[PDB]
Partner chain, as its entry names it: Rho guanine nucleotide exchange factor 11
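First, one chain by itself in structure tokens, the form solved without the partner chain.
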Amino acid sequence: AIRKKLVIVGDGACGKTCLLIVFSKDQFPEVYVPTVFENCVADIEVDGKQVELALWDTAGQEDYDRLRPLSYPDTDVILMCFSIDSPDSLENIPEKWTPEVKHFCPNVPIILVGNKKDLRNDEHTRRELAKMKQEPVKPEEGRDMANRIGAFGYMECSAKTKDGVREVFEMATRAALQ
């Protein structure tokens, strides 16, 4: 089987760890871990080809800025995440994550991922965002950002409902196979 390394990055609490676990274990996590720490290699088939996907979780907090580059060597595809309930995490795509990622992984394909799609129409989410004069990220905002950073594609998903999750990792696999 083809062996590809995947690294997921994005702001603290935007759903990275839950996405890896929903995809690799088909279950939304109960217990809390900052990063998936036990082995995390998932299988996927794309156009007849069997692909082995090593999932490298990272921490989004600035506390971990010193150590996160230790995960970047030999990366084949990057999942760059924001949360649809957080326009701030989108604005950190060009201001924080693309600079860091493209510095250590200069030509590694990027899939831009908007997590927590199930909160786009969530009442508490919109009330929280409205009090800051904000609304959830619209799909055209994610597309525009993806074009702007040169991502191979833009995908939306919800780890909670699993909607879009498999597609995210299929798209990432296609990018890495290039």
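Residue numbers count along the first chain shown, from 1.
We do not show the form deposited with the partner chain bound, though everything after this point is about it.
The partner chain in the deposited bound form is not approached by residue 152, whose heavy atoms all lie more than 4.5 angstroms from it.
The closest heavy atom approach of residue 66 to the partner chain in the deposited bound form falls within 4.5 Å. Shown alone here, residue 139 lies farther than 4.5 Å from the partner chain in the deposited bound form, counting heavy atoms only.
In the deposited bound form, the partner chain lies within 4.5 Å of some heavy atom of residue 57.
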